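As a starting point, one isolated chain is supplied in structure tokens, in the form deposited in one PDB entry.
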């Protein structure tokens, strides 16, 4: 479920602004970067657009890849491809307590390997923590361990589920 996309063949004078604006128009953007020569200032014509939702990221590619601009036919594609993302040491955890927070959940799983990233899910109406979370590990072996170490647990009502996504 990638949110990061790569853009290039961007017109030479397009600005980090026109980039963002042009990508926001499709969804809601976390951050957009235009790659500039730090010293000389000019656009190297690479763009990184990060969405909040994957939905909108998939939406952006469909609508914006191939967009004709100043004869520049820009290319929108997922920053990470299906070659690498598909091998992420990434697991779904339900059953977690509502009091835990991204960091809390992170530290409690520290003990298995290098935690690349983590997202904790909140409720739609209620808004506060849900007990479901996602966690990415450095390499697979660290995740297996969580699965073996935490799949089933405890004074709470339900057992915690750990398994690959």
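Residue numbers count along the first chain shown, from 1.
From this point on, the text means the form deposited in another entry, which you will not see here.
Peer 1: Treating the motion between this form and the one not shown as two rigid parts rotating, tell me which of 81, 138, 128, 145 is at the hinge.
Peer 2: Answer to the hinge question: 81.
Peer 1: Quick one: residue 6 and residue 87 C-alpha atoms, closer or farther in the other entry compared with this form (3 angstroms or more)?
Peer 2: Relative to this form, closer in the other entry.
Peer 1: Residue 106 and residue 51: their C-alpha distance differs by 3 angstroms or more in the other entry. Do they come closer or move farther apart compared with the shown form?
Peer 2: Compared with the form shown here, the C-alpha atoms of residue 106 and residue 51 sit farther apart in the other entry, by 3 Å or more.
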